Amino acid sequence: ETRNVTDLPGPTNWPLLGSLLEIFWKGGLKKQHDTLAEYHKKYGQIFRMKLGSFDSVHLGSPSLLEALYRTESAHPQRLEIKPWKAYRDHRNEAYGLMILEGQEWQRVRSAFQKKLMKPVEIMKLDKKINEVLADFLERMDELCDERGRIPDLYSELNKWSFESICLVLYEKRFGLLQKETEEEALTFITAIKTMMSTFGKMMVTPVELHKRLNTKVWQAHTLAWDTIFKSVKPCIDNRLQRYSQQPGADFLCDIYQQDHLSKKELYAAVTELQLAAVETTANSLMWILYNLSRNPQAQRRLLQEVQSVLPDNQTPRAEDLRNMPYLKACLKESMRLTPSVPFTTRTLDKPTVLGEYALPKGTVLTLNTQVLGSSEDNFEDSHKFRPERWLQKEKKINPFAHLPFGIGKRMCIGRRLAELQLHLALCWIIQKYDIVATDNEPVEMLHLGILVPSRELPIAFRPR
């Protein structure tokens, strides 16, 4: 009928360190995802692992993630991010979607979800997205060197992503793409960087103690968040004021006027939207550009579609995407082979059976969403970039085999907007450029928050 947590297989619990010893000898935390995939190959779909006192059970199969979904809490919960909450408490700001829990989370989630995860409303953003892409492409052919290579492509892809989502979120152009207008968002963006490189140092050492002792990390983290909030508020206020007498004209006013979220609540929620959006979206664009340079046949099949559905250099539109099944399949394939987010996390709020294992309340689960990419039950030749696998109707790919955006009600809220931006960015890029590999040397995926390349990506942009 049922076995329990103790009967779970898994790696040796080495004295004091647990699997931390193995990780420090297998590449470090940067390579953690390679190690977890190795473990799922050894012990199968479900296993138990300790990293110091950090004890977790890993789920690495489509059936397990289906089971977890069918039985999930009405308010699913990830691992707590203490430093962000400590800052909000200290400064009396609201929590956003990433740190909210319970009915408080559901309230904000519903309100935003009806705007963000509605195709009809999302497609309305395309004009804005195209305005930013137009500018980005213009900047691209300025940055391209002699042989079509863009120095620090990741950084530039981030500039686009930032500018794109800020137009969507704040109806403003921050001017990341035109030089001379570069030093406007400068302090805002540096504050984001400072914040990102600092909150991680307060997750082992308790944030309460950093606060009590008034450490330099606590100080830097507080200043960085202050600056982020001080930059966001006026934008949201101006947008709120602009449409205060036009119900139905703006997703943000409607939320404010009809769902009754306070301005304080909107500051936190919009802020977390932006933080979640920027790097991950740029990261995904990057990986697809890399997969394209490595698969000229797939890139050719893609070029044909773009040129077929958009003769001349016709500005892409959201409605055109309906007739580009291959474009959309390239993105899915890229996210399966080279995902941005390697895993997510859940704390169980009630006893539940997964596999033939009964897991108690309080069990921390890591959903290895990456490892799903290599299961031969769903992907024959899983090490091959083949977008075709998504288009053939003579074999079902099980939806719980492909989860780059997580699962269930607490899954990524930005899915449609991210897809829309990526789809259109691909149209603009391929339309103008051939994506060529500049070398054939090894490139590795490092876990640095998200999965990033081990080095500058060997790709060039050759004006077609």
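The first residue of the shown sequence is 1; numbering continues from there.
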Q) Per the entry, where is the mean C-alpha temperature factor higher: 37 to 45 or 415 to 423? A) 37 to 45
Q | Segment of higher mean CA temperature factor, 195 to 203 or 388 to 396 | A | 388 to 396
Q. From 104, 163, 377, 93, which pick has the Cα B-factor that tops the rest in the entry?
A. 377
Q: Specify which of 252, 98, 335, 120 carries the largest Cα B factor in the deposited PDB entry.
A: 120
Q | Third of chain Cα B-factors occupied by residue 58 | A | middle
Q.
Could you place residue 147 in the lowest, middle or highest third of its chain by Cα temperature factor, using the values in the record?
A. highest
Q: Would you mind checking where the Cα B-factor of residue 364 ranks among the modelled residues of its chain, as the lowest, middle or highest third?
A: middle
**Q.** For residue 339, the third of its chain into which the C-alpha B factor falls
**A.** lowest
Q: Grab the CA temperature factor for residue 70 from the record and place it in the lowest, middle or highest third of its chain.
A: highest
